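Enquirer: One file is attached below, my_file.cif, containing mmCIF, C-alpha atoms and all ligand atoms.
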```
data_target
#
loop_
_atom_site.label_atom_id
_atom_site.label_comp_id
_atom_site.auth_asym_id
_atom_site.auth_seq_id
_atom_site.Cartn_x
_atom_site.Cartn_y
_atom_site.Cartn_z
CA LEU W 14 8.59 -47.22 246.50
CA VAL W 15 5.11 -46.77 248.08
CA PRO W 16 2.92 -43.57 247.77
CA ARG W 17 0.70 -45.17 250.45
CA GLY W 18 3.92 -45.18 252.55
CA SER W 19 4.46 -41.44 251.89
CA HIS W 20 0.71 -40.61 252.01
CA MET W 21 -1.33 -42.81 254.37
CA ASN W 22 1.50 -43.09 256.91
CA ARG W 23 2.72 -39.52 257.57
CA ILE W 24 3.71 -40.53 261.16
CA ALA W 25 6.08 -43.37 260.15
CA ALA W 26 7.13 -41.40 257.05
CA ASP W 27 8.38 -38.49 259.21
CA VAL W 28 10.00 -40.76 261.82
CA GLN W 29 12.01 -42.37 259.03
CA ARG W 30 12.70 -38.93 257.60
CA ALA W 31 14.29 -37.97 260.97
CA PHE W 32 16.47 -41.10 261.23
CA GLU W 33 17.58 -40.52 257.61
CA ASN W 34 18.35 -36.82 258.27
CA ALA W 35 20.67 -37.94 261.08
CA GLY W 36 22.30 -40.35 258.62
CA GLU W 37 21.14 -43.51 260.42
CA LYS W 38 20.60 -47.09 259.19
CA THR W 39 17.22 -48.45 260.34
CA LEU W 40 15.06 -51.47 259.47
CA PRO W 41 12.41 -50.30 256.94
CA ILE W 42 9.00 -49.86 258.59
CA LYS W 43 6.65 -52.66 257.42
CA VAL W 44 3.41 -51.00 258.54
CA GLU W 45 1.95 -49.67 255.30
CA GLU W 46 -0.77 -47.39 256.71
CA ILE W 47 -1.22 -45.74 260.09
CA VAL W 48 -4.47 -43.80 260.14
CA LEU W 49 -5.36 -41.85 263.27
CA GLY W 50 -8.55 -39.89 263.11
CA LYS W 51 -12.28 -39.65 262.63
CA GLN W 52 -13.92 -42.62 260.91
CA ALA W 53 -10.74 -44.69 260.31
CA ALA W 54 -13.22 -47.45 259.32
CA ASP W 55 -13.54 -45.58 256.01
CA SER W 56 -9.78 -46.09 255.42
CA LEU W 57 -9.85 -49.63 256.87
CA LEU W 58 -12.48 -50.51 254.23
CA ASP W 59 -10.50 -48.72 251.52
CA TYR W 60 -7.46 -50.81 252.48
CA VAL W 61 -9.17 -54.21 252.53
CA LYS W 62 -10.67 -53.25 249.15
CA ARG W 63 -7.26 -52.19 247.77
CA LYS W 64 -5.55 -55.38 249.01
CA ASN W 65 -8.52 -57.43 247.67
CA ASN W 66 -9.32 -59.12 250.99
CA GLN W 67 -12.55 -61.13 251.32
CA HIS W 68 -12.62 -63.51 254.31
CA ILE W 69 -11.94 -61.17 257.24
CA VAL W 70 -11.61 -62.25 260.86
CA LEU W 71 -11.98 -59.70 263.63
CA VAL W 72 -10.59 -60.94 266.96
CA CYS W 73 -12.48 -59.21 269.77
CA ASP W 74 -13.41 -59.92 273.40
CA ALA W 75 -16.52 -59.35 275.57
CA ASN W 76 -15.96 -55.60 275.62
CA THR W 77 -14.22 -54.84 272.29
CA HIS W 78 -16.91 -56.86 270.49
CA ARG W 79 -19.45 -54.39 271.88
CA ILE W 80 -17.60 -51.07 271.47
CA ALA W 81 -15.95 -51.79 268.07
CA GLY W 82 -16.33 -55.35 266.76
CA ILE W 83 -20.05 -55.29 265.79
CA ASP W 84 -19.74 -51.88 264.13
CA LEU W 85 -16.76 -52.96 262.06
CA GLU W 86 -18.06 -56.43 261.22
CA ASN W 87 -21.46 -55.04 260.10
CA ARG W 88 -19.89 -52.34 257.92
CA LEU W 89 -17.62 -55.01 256.33
CA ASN W 90 -20.66 -57.20 255.61
CA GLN W 91 -22.48 -54.25 253.96
CA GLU W 92 -19.51 -53.72 251.61
CA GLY W 93 -19.59 -57.45 250.70
CA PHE W 94 -16.96 -59.11 252.89
CA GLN W 95 -17.13 -62.40 254.80
CA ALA W 96 -16.44 -60.69 258.14
CA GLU W 97 -16.74 -62.30 261.61
CA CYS W 98 -16.23 -60.88 265.14
CA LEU W 99 -14.53 -63.86 266.91
CA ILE W 100 -14.51 -63.59 270.77
CA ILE W 101 -11.81 -64.46 273.31
CA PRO W 102 -13.46 -65.65 276.59
CA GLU W 103 -12.24 -64.81 280.11
CA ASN W 104 -10.24 -66.96 282.55
CA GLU W 105 -11.67 -67.74 286.01
CA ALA W 106 -10.62 -64.30 287.33
CA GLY W 107 -12.47 -62.39 284.58
CA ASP W 108 -9.22 -61.49 282.73
CA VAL W 109 -8.41 -61.93 279.02
CA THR W 110 -4.76 -63.05 278.78
CA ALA W 111 -2.28 -63.84 276.02
CA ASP W 112 -2.03 -67.39 277.36
CA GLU W 113 -1.71 -70.58 275.24
CA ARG W 114 -5.44 -71.28 275.90
CA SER W 115 -6.66 -67.97 274.41
CA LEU W 116 -4.06 -68.29 271.62
CA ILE W 117 -5.44 -71.71 270.53
CA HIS W 118 -9.05 -70.50 271.01
CA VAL W 119 -8.34 -67.81 268.41
CA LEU W 120 -6.35 -70.30 266.29
CA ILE W 121 -9.29 -72.69 265.56
CA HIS W 122 -12.33 -70.37 265.18
CA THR W 123 -10.31 -68.71 262.37
CA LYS W 124 -11.03 -70.91 259.29
CA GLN W 125 -8.80 -71.63 256.27
CA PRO W 126 -10.80 -69.34 253.87
CA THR W 127 -9.54 -66.44 256.05
CA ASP W 128 -7.05 -64.11 254.38
CA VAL W 129 -6.79 -61.34 257.01
CA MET W 130 -6.91 -61.02 260.81
CA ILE W 131 -7.90 -57.85 262.70
CA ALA W 132 -7.02 -57.15 266.32
CA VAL W 133 -9.99 -55.21 267.63
CA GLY W 134 -8.86 -54.16 271.09
CA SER W 135 -5.82 -53.42 273.27
CA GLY W 136 -2.27 -54.76 273.84
CA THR W 137 -3.41 -58.29 274.86
CA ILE W 138 -5.80 -58.84 271.92
CA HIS W 139 -3.05 -57.35 269.77
CA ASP W 140 -0.50 -59.88 271.14
CA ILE W 141 -2.76 -62.91 270.63
CA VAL W 142 -3.48 -61.79 267.05
CA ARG W 143 0.13 -60.74 266.40
CA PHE W 144 1.22 -64.28 267.41
CA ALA W 145 -1.66 -66.33 265.96
CA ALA W 146 -1.62 -64.62 262.54
CA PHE W 147 2.15 -65.08 262.34
CA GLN W 148 1.82 -68.82 263.06
CA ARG W 149 -1.04 -69.05 260.49
CA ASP W 150 0.93 -66.89 258.02
CA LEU W 151 -1.70 -64.16 257.62
CA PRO W 152 -1.59 -60.32 257.76
CA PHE W 153 -3.22 -58.71 260.81
CA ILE W 154 -4.64 -55.20 261.00
CA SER W 155 -4.31 -53.05 264.13
CA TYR W 156 -7.63 -51.67 265.44
CA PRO W 157 -6.80 -50.16 268.89
CA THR W 158 -9.78 -49.48 271.23
CA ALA W 159 -7.69 -47.55 273.79
CA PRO W 160 -4.52 -45.37 273.79
CA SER W 161 -3.03 -47.53 276.55
CA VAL W 162 0.33 -48.78 275.18
CA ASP W 163 3.06 -48.37 272.52
CA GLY W 164 2.99 -52.08 271.47
CA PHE W 165 0.45 -52.00 268.63
CA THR W 166 3.03 -51.74 265.79
CA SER W 167 5.50 -54.13 267.50
CA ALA W 168 6.89 -57.36 266.05
CA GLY W 169 7.12 -59.13 269.43
CA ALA W 170 4.31 -60.87 271.35
CA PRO W 171 4.61 -61.07 275.22
CA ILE W 172 2.66 -64.35 275.52
CA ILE W 173 2.18 -66.56 278.61
CA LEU W 174 3.35 -70.22 278.42
CA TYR W 175 4.39 -73.22 280.57
CA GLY W 176 4.16 -70.92 283.63
CA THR W 177 5.69 -67.48 282.75
CA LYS W 178 5.14 -64.40 280.49
CA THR W 179 7.71 -64.42 277.61
CA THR W 180 8.21 -62.24 274.48
CA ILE W 181 8.27 -64.34 271.27
CA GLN W 182 9.27 -62.34 268.18
CA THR W 183 6.85 -62.57 265.20
CA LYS W 184 5.67 -59.85 262.73
CA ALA W 185 4.22 -56.32 262.84
CA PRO W 186 0.77 -55.21 261.59
CA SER W 187 0.19 -54.60 257.88
CA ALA W 188 -1.73 -51.46 258.77
CA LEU W 189 -3.25 -49.61 261.73
CA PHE W 190 -6.55 -47.73 261.91
CA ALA W 191 -7.27 -45.70 265.06
CA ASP W 192 -10.70 -44.22 265.60
CA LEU W 193 -10.04 -40.95 267.48
CA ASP W 194 -13.61 -40.85 268.89
CA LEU W 195 -13.43 -44.45 270.09
CA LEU W 196 -10.14 -43.54 271.83
CA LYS W 197 -11.63 -40.38 273.43
CA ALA W 198 -14.51 -42.62 274.59
CA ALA W 199 -12.13 -45.00 276.41
CA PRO W 200 -11.90 -45.33 280.25
CA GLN W 201 -9.83 -42.51 281.74
CA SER W 202 -7.83 -45.22 283.55
CA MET W 203 -6.69 -46.64 280.20
CA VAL W 204 -5.87 -43.20 278.78
CA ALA W 205 -3.92 -42.59 281.99
CA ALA W 206 -2.24 -45.97 281.47
CA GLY W 207 -1.04 -44.70 278.11
CA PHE W 208 0.24 -41.57 279.85
CA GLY W 209 1.84 -43.88 282.43
CA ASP W 210 3.66 -45.96 279.84
CA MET W 211 4.86 -42.71 278.23
CA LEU W 212 6.07 -41.28 281.62
CA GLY W 213 8.23 -44.43 281.87
CA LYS W 214 10.28 -42.72 279.10
CA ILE W 215 11.58 -40.18 281.65
CA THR W 216 13.71 -43.00 283.09
CA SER W 217 13.91 -45.35 280.07
CA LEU W 218 15.84 -42.81 277.94
CA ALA W 219 18.31 -42.23 280.81
CA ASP W 220 18.76 -45.99 281.36
CA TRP W 221 19.40 -46.10 277.60
CA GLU W 222 22.22 -43.53 278.02
CA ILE W 223 23.62 -45.62 280.88
CA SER W 224 23.32 -48.69 278.61
CA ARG W 225 25.01 -46.75 275.80
CA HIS W 226 28.00 -45.34 277.68
CA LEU W 227 28.62 -48.06 280.26
CA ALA W 228 27.73 -51.41 278.70
CA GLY W 229 28.27 -50.41 275.06
CA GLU W 230 24.65 -51.17 274.10
CA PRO W 231 23.03 -50.10 270.78
CA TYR W 232 22.09 -46.40 270.82
CA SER W 233 20.49 -43.91 268.38
CA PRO W 234 20.78 -40.09 268.87
CA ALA W 235 17.92 -39.38 266.38
CA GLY W 236 15.83 -42.04 268.13
CA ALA W 237 16.45 -40.54 271.58
CA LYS W 238 15.39 -37.09 270.27
CA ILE W 239 12.24 -38.57 268.63
CA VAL W 240 11.04 -40.15 271.88
CA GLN W 241 12.05 -36.89 273.65
CA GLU W 242 9.71 -34.96 271.26
CA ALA W 243 6.90 -37.44 271.99
CA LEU W 244 7.37 -37.36 275.82
CA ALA W 245 7.55 -33.57 275.72
CA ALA W 246 4.19 -33.22 273.93
CA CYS W 247 2.38 -35.74 276.15
CA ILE W 248 3.42 -33.72 279.24
CA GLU W 249 2.65 -30.36 277.65
CA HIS W 250 -0.90 -31.66 276.99
CA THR W 251 -1.33 -33.22 280.44
CA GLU W 252 -4.63 -31.33 280.95
CA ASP W 253 -5.97 -32.09 277.47
CA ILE W 254 -5.32 -35.77 278.13
CA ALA W 255 -7.01 -35.60 281.56
CA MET W 256 -10.24 -34.20 280.15
CA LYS W 257 -9.80 -36.47 277.10
CA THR W 258 -10.13 -33.75 274.47
CA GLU W 259 -9.46 -34.42 270.79
CA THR W 260 -5.99 -32.78 270.85
CA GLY W 261 -5.13 -34.58 274.09
CA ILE W 262 -5.91 -38.15 272.97
CA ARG W 263 -4.58 -37.43 269.46
CA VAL W 264 -1.26 -36.33 271.05
CA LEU W 265 -1.18 -39.26 273.49
CA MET W 266 -1.81 -41.85 270.72
CA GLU W 267 0.56 -40.20 268.18
CA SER W 268 3.30 -40.18 270.82
CA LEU W 269 2.73 -43.86 271.80
CA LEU W 270 2.71 -44.82 268.08
CA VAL W 271 5.99 -42.93 267.47
CA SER W 272 7.45 -44.81 270.51
CA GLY W 273 6.48 -48.19 268.99
CA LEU W 274 7.76 -47.00 265.58
CA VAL W 275 11.24 -46.18 266.85
CA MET W 276 11.26 -49.49 268.73
CA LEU W 277 10.44 -51.19 265.41
CA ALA W 278 12.97 -49.22 263.33
CA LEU W 279 15.80 -50.06 265.80
CA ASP W 280 14.76 -53.70 266.54
CA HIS W 281 14.93 -53.50 270.35
CA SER W 282 12.86 -52.02 273.19
CA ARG W 283 15.65 -50.08 274.99
CA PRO W 284 14.41 -46.47 274.37
CA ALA W 285 10.87 -47.32 275.54
CA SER W 286 11.64 -49.91 278.26
CA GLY W 287 13.96 -49.19 281.22
CA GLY W 288 14.22 -50.09 284.91
CA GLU W 289 10.62 -48.99 285.54
CA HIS W 290 9.43 -51.54 282.95
CA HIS W 291 11.65 -54.27 284.49
CA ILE W 292 10.22 -53.58 287.94
CA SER W 293 6.79 -53.62 286.27
CA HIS W 294 7.54 -57.05 284.74
CA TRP W 295 8.53 -58.34 288.21
CA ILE W 296 5.39 -57.04 289.93
CA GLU W 297 3.28 -58.60 287.12
CA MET W 298 5.00 -61.95 287.66
CA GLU W 299 4.21 -61.59 291.37
CA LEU W 300 0.51 -60.90 290.59
CA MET W 301 0.31 -64.03 288.44
CA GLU W 302 2.23 -65.87 291.20
CA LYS W 303 -0.21 -64.61 293.87
CA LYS W 304 -2.97 -65.78 291.46
CA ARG W 305 -4.68 -62.36 291.48
CA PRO W 306 -6.05 -60.25 288.59
CA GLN W 307 -3.69 -58.34 286.30
CA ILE W 308 -3.55 -54.54 286.36
CA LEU W 309 -2.79 -52.18 283.49
CA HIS W 310 0.80 -52.31 282.22
CA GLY W 311 0.99 -48.53 281.92
CA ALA W 312 -0.40 -47.93 285.44
CA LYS W 313 2.37 -50.11 286.86
CA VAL W 314 4.89 -48.28 284.65
CA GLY W 315 3.85 -44.88 286.06
CA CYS W 316 3.95 -46.18 289.64
CA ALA W 317 7.43 -47.61 288.93
CA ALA W 318 8.91 -44.47 287.38
CA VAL W 319 7.52 -42.32 290.22
CA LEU W 320 10.01 -44.14 292.55
CA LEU W 321 12.86 -45.14 290.24
CA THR W 322 13.36 -41.50 289.17
CA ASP W 323 14.17 -40.71 292.83
CA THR W 324 16.30 -43.87 293.16
CA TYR W 325 18.37 -42.68 290.23
CA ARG W 326 18.49 -39.07 291.52
CA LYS W 327 19.95 -40.43 294.79
CA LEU W 328 22.39 -42.79 293.08
CA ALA W 329 23.66 -39.86 290.99
CA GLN W 330 24.65 -38.06 294.23
CA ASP W 331 25.89 -41.05 296.26
CA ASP W 332 29.46 -41.05 297.66
CA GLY W 333 29.62 -44.69 296.46
CA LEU W 334 30.11 -43.20 292.97
CA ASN W 335 33.70 -42.39 294.09
CA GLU W 336 34.63 -46.10 293.91
CA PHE W 337 33.80 -45.91 290.16
CA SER W 338 35.88 -44.55 287.26
CA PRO W 339 35.68 -40.77 286.49
CA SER W 340 34.08 -41.90 283.20
CA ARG W 341 31.38 -44.12 284.75
CA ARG W 342 30.77 -41.63 287.56
CA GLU W 343 30.26 -38.79 285.07
CA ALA W 344 28.15 -41.07 282.83
CA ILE W 345 25.72 -41.97 285.63
CA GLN W 346 25.70 -38.40 286.95
CA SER W 347 25.20 -36.64 283.62
CA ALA W 348 22.59 -39.17 282.53
CA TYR W 349 20.49 -38.78 285.71
CA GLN W 350 21.05 -35.11 286.76
CA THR W 351 18.21 -33.95 284.49
CA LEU W 352 15.65 -36.29 286.14
CA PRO W 353 12.56 -34.57 287.69
CA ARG W 354 11.47 -35.47 291.24
CA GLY W 355 9.16 -38.43 291.98
CA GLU W 356 6.62 -35.86 293.28
CA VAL W 357 6.42 -34.07 289.90
CA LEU W 358 5.92 -37.39 288.10
CA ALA W 359 3.13 -38.35 290.53
CA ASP W 360 1.57 -34.91 290.09
CA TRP W 361 1.38 -35.40 286.28
CA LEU W 362 0.04 -38.95 286.77
CA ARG W 363 -2.66 -37.55 289.15
CA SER W 364 -3.63 -34.67 286.84
CA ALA W 365 -3.84 -37.25 284.04
CA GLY W 366 -6.26 -39.48 285.99
CA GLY W 367 -3.98 -42.43 286.90
CA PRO W 368 -2.39 -43.97 290.06
CA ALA W 369 0.84 -42.59 291.51
CA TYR W 370 1.70 -45.26 294.07
CA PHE W 371 1.36 -49.01 293.98
CA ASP W 372 -0.90 -49.11 297.05
CA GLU W 373 -3.53 -47.26 294.95
CA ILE W 374 -3.71 -50.30 292.58
CA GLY W 375 -3.02 -52.73 295.45
CA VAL W 376 0.48 -54.06 294.85
CA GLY W 377 1.75 -53.23 298.32
CA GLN W 378 5.21 -52.46 299.73
CA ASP W 379 6.22 -56.14 299.99
CA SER W 380 6.27 -56.71 296.23
CA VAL W 381 7.76 -53.21 295.65
CA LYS W 382 10.88 -53.75 297.72
CA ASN W 383 10.99 -57.29 296.21
CA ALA W 384 10.84 -56.09 292.60
CA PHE W 385 13.27 -53.21 293.26
CA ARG W 386 15.99 -55.65 294.36
CA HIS W 387 15.53 -58.42 291.68
CA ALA W 388 14.02 -56.75 288.59
CA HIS W 389 17.46 -56.09 287.09
CA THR W 390 17.88 -59.90 286.78
CA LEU W 391 14.99 -60.15 284.28
CA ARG W 392 16.79 -58.91 281.17
CA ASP W 393 20.45 -58.39 280.12
CA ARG W 394 20.26 -54.57 280.50
CA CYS W 395 22.78 -52.32 282.33
CA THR W 396 20.39 -50.03 284.18
CA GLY W 397 20.71 -47.73 287.16
CA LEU W 398 18.91 -50.63 288.88
CA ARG W 399 21.76 -53.05 288.03
CA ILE W 400 24.45 -50.51 289.07
CA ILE W 401 22.72 -50.37 292.48
CA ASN W 402 21.90 -54.02 293.13
CA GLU W 403 25.35 -55.32 291.98
CA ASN W 404 27.43 -53.14 294.34
CA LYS W 405 27.98 -53.40 298.10
CA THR W 406 28.12 -49.75 299.28
CA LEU W 407 25.00 -49.10 297.13
CA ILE W 408 23.00 -52.05 298.56
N1 LIG W 501 5.71 -54.51 273.06
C1 LIG W 501 4.61 -55.17 273.41
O1 LIG W 501 4.25 -56.20 272.83
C2 LIG W 501 3.82 -54.65 274.54
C3 LIG W 501 2.99 -55.53 275.15
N2 LIG W 501 2.01 -55.10 275.99
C4 LIG W 501 0.86 -55.98 276.30
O2 LIG W 501 -0.18 -55.16 276.76
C5 LIG W 501 -0.91 -55.88 277.78
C6 LIG W 501 -1.68 -54.88 278.60
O3 LIG W 501 -2.18 -53.88 277.70
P1 LIG W 501 -3.59 -53.25 278.05
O4 LIG W 501 -3.76 -51.93 277.35
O5 LIG W 501 -3.73 -53.34 279.54
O6 LIG W 501 -4.62 -54.28 277.41
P2 LIG W 501 -5.59 -55.37 278.05
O7 LIG W 501 -6.45 -55.87 276.95
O8 LIG W 501 -4.82 -56.39 278.80
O9 LIG W 501 -6.48 -54.54 279.06
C7 LIG W 501 -7.50 -53.65 278.57
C8 LIG W 501 -8.82 -54.02 279.21
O10 LIG W 501 -9.77 -52.98 278.86
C9 LIG W 501 -10.76 -53.47 277.97
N3 LIG W 501 -10.95 -52.49 276.91
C10 LIG W 501 -10.14 -52.27 275.83
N4 LIG W 501 -10.53 -51.27 275.09
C11 LIG W 501 -11.66 -50.78 275.73
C12 LIG W 501 -12.56 -49.74 275.42
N5 LIG W 501 -12.44 -48.94 274.36
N6 LIG W 501 -13.60 -49.54 276.25
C13 LIG W 501 -13.72 -50.34 277.32
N7 LIG W 501 -12.95 -51.35 277.70
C14 LIG W 501 -11.93 -51.53 276.85
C15 LIG W 501 -10.27 -54.83 277.50
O11 LIG W 501 -11.38 -55.63 277.18
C16 LIG W 501 -9.47 -55.32 278.73
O12 LIG W 501 -10.31 -55.92 279.71
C17 LIG W 501 0.16 -56.70 278.51
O13 LIG W 501 -0.46 -57.86 279.04
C18 LIG W 501 1.15 -57.02 277.38
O14 LIG W 501 0.93 -58.32 276.84
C19 LIG W 501 2.05 -53.83 276.52
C20 LIG W 501 2.81 -52.90 275.99
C21 LIG W 501 3.77 -53.21 274.93
NI NI W 502 5.50 -50.16 277.99
#
```
Will you turn the file into structure tokens for me?
Expert:
Amino acid sequence: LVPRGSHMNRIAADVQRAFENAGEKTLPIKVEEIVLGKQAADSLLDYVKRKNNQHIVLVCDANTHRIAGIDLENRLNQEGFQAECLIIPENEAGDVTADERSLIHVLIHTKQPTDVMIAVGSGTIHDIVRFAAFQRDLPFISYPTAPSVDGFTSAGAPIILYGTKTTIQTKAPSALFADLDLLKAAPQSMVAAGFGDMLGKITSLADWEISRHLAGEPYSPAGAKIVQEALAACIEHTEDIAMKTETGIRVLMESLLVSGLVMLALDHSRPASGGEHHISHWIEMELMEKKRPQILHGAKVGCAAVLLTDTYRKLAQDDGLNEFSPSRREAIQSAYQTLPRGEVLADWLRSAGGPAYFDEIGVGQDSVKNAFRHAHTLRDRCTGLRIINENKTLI
């Protein structure tokens, strides 16, 4: 079907191979190339050549312009492309959001000649481009400047509108090119945010087993084992990631990309996003509400899992579980018994170079106990968190 599929996308190729070997139906992956390595601009150029692009837009911001945009744009010009590094400017609080304002700012400075968009940056840039390109019916290329998240390959765009952050569903990148040396160069906080977002998968996978057994939610064995593999390697390499060695950031980014790839293949976020992510969503809402600057997704995710792993460990051994069926008792128990302690999570997060507790990034206890009680209400997901907050005897 595509040799570029089974050639310039060994990651996605092998993910699909796994799902197929466990006899599972999945949506075909619609990312044609995922390159992760040295250069990557070489292969980017090869791809735009192959697809006969010409008028290329590179959506960048203050920072990503500097550390990626100019390099890429100049090399594109030298090869004979109409390239341009278009900038997204900051809001009053020095933040670059996926708000309607930034969306429309991108969606006018891109002119009708333009036949391809390129997200040069991180999750937010990637959302604005993911959305904008979809509404202007153009392919967009993933150029990540940090291994901070698993939502580069995603179809959905968490954009802000009216007065809330909501996830419109759109279309995935046409390709992805990750410069391993640009990633190594990234702030340790961002690398550690990637590690954070991956540590969320300690509790997300379990909440997915709860979801599976209890609420009869879509579940994939092969998927669960894929994200297990990924999570396992990230941990193993916790030191390599800390120091930001080649192996370490390679393993981080490959694991995050595999997370987004399963999410894509299965058409929902359940294996990657559990109670820790829901809490994280609630905190984020509170930070917008307080009118104060946003903090890294992944940082919040690590800080959330560090607590919610203990919450679930306690639930699993609560006498309240005797009100419940033998089936639901043994489901919660068996799903959560293998959870490590909050302290171990925090220890990994520390070693990695990221924050363990929300006071470190300045959330505070107020919004923690607030989020912990209401987060379950954010999305129709049977989590440990819902089992708690919808049961007197566990409240
Ligand atoms: N499934 C999905 O669609 C997912 C969505 N997200 C999105 O991700 C956002 C947060 O992701 P973040 O990684 O925090 O992105 P971000 O762009 O919001 O924050 C990264 C910050 O670091 C800067 N930066 C990026 N690369 C850099 C580099 N190489 N060197 C120096 N500075 C650099 C950026 O300019 C920005 O100020 C959320 O707001 C959400 O919209 C997050 C995960 C998954
Ligand atoms: Ni996440």
Enquirer: Could you tell me, counting only C-alpha atoms and all ligand atoms, which protein and nucleic acid residues lie no more than 7 Å from ligand LIG 501 (chain W), written as a PyMOL selection string?
Expert: chain W and resi 74-77+80+108-111+134-138+140+158-159+161-164+167+169-172+195-196+198-200+203+308-310
Enquirer: Go through chain W and flag each residue having an atom no more than 10 Å from ligand NI 502 (chain W); for those, report the closest pair of atoms plus their distance in Å to one decimal, using only C-alpha atoms and all ligand atoms, ordered by chain and rising number, as JSON lines.
Expert:
```
{"residue": "W:136", "atom": "CA", "partner": "W:NI502", "partner_atom": "NI", "distance": 9.9}
{"residue": "W:161", "atom": "CA", "partner": "W:NI502", "partner_atom": "NI", "distance": 9.0}
{"residue": "W:162", "atom": "CA", "partner": "W:NI502", "partner_atom": "NI", "distance": 6.0}
{"residue": "W:163", "atom": "CA", "partner": "W:NI502", "partner_atom": "NI", "distance": 6.3}
{"residue": "W:164", "atom": "CA", "partner": "W:NI502", "partner_atom": "NI", "distance": 7.2}
{"residue": "W:206", "atom": "CA", "partner": "W:NI502", "partner_atom": "NI", "distance": 9.5}
{"residue": "W:207", "atom": "CA", "partner": "W:NI502", "partner_atom": "NI", "distance": 8.5}
{"residue": "W:209", "atom": "CA", "partner": "W:NI502", "partner_atom": "NI", "distance": 8.5}
{"residue": "W:210", "atom": "CA", "partner": "W:NI502", "partner_atom": "NI", "distance": 4.9}
{"residue": "W:211", "atom": "CA", "partner": "W:NI502", "partner_atom": "NI", "distance": 7.5}
{"residue": "W:212", "atom": "CA", "partner": "W:NI502", "partner_atom": "NI", "distance": 9.6}
{"residue": "W:213", "atom": "CA", "partner": "W:NI502", "partner_atom": "NI", "distance": 7.4}
{"residue": "W:214", "atom": "CA", "partner": "W:NI502", "partner_atom": "NI", "distance": 8.9}
{"residue": "W:217", "atom": "CA", "partner": "W:NI502", "partner_atom": "NI", "distance": 9.9}
{"residue": "W:269", "atom": "CA", "partner": "W:NI502", "partner_atom": "NI", "distance": 9.3}
{"residue": "W:272", "atom": "CA", "partner": "W:NI502", "partner_atom": "NI", "distance": 9.4}
{"residue": "W:273", "atom": "CA", "partner": "W:NI502", "partner_atom": "NI", "distance": 9.3}
{"residue": "W:282", "atom": "CA", "partner": "W:NI502", "partner_atom": "NI", "distance": 9.0}
{"residue": "W:285", "atom": "CA", "partner": "W:NI502", "partner_atom": "NI", "distance": 6.6}
{"residue": "W:286", "atom": "CA", "partner": "W:NI502", "partner_atom": "NI", "distance": 6.2}
{"residue": "W:287", "atom": "CA", "partner": "W:NI502", "partner_atom": "NI", "distance": 9.1}
{"residue": "W:289", "atom": "CA", "partner": "W:NI502", "partner_atom": "NI", "distance": 9.2}
{"residue": "W:290", "atom": "CA", "partner": "W:NI502", "partner_atom": "NI", "distance": 6.5}
{"residue": "W:291", "atom": "CA", "partner": "W:NI502", "partner_atom": "NI", "distance": 9.8}
{"residue": "W:293", "atom": "CA", "partner": "W:NI502", "partner_atom": "NI", "distance": 9.1}
{"residue": "W:294", "atom": "CA", "partner": "W:NI502", "partner_atom": "NI", "distance": 9.9}
{"residue": "W:310", "atom": "CA", "partner": "W:NI502", "partner_atom": "NI", "distance": 6.7}
{"residue": "W:311", "atom": "CA", "partner": "W:NI502", "partner_atom": "NI", "distance": 6.2}
{"residue": "W:312", "atom": "CA", "partner": "W:NI502", "partner_atom": "NI", "distance": 9.8}
{"residue": "W:313", "atom": "CA", "partner": "W:NI502", "partner_atom": "NI", "distance": 9.4}
{"residue": "W:314", "atom": "CA", "partner": "W:NI502", "partner_atom": "NI", "distance": 6.9}
{"residue": "W:315", "atom": "CA", "partner": "W:NI502", "partner_atom": "NI", "distance": 9.8}
```
Enquirer: List as number ranges by chain the protein and nucleic acid residues near residue W:96, meaning an atom at most 12 Å away when all atoms listed in the file are counted, but skip any in the same chain fewer than 3 places from it.
Expert: W: 58, 61, 66-72, 82-93, 99, 123-124, 126-131
Enquirer: In Å, rounded to a single decimal, give me how far atom CA of residue W:365 is from atom CA of residue W:25.
Expert: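 So the two atoms, atom CA of residue W:25 and atom CA of residue W:365, lie 26.6 Å apart.
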Enquirer: Would you list the residues near (0.6, -45.7, 260.6) (no more than 9 Å away, in the coordinates of the file, using only C-alpha atoms) as a compact mmCIF listing (two decimals) with C-alpha atoms, in the coordinates of the input?
Expert:
```
# COMPACT_ATOMS: atom_id res chain seq x y z
CA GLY W 18 3.92 -45.18 252.55
CA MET W 21 -1.33 -42.81 254.37
CA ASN W 22 1.50 -43.09 256.91
CA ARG W 23 2.72 -39.52 257.57
CA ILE W 24 3.71 -40.53 261.16
CA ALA W 25 6.08 -43.37 260.15
CA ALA W 26 7.13 -41.40 257.05
CA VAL W 44 3.41 -51.00 258.54
CA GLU W 45 1.95 -49.67 255.30
CA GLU W 46 -0.77 -47.39 256.71
CA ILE W 47 -1.22 -45.74 260.09
CA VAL W 48 -4.47 -43.80 260.14
CA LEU W 49 -5.36 -41.85 263.27
CA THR W 166 3.03 -51.74 265.79
CA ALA W 188 -1.73 -51.46 258.77
CA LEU W 189 -3.25 -49.61 261.73
CA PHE W 190 -6.55 -47.73 261.91
CA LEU W 270 2.71 -44.82 268.08
CA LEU W 274 7.76 -47.00 265.58
```
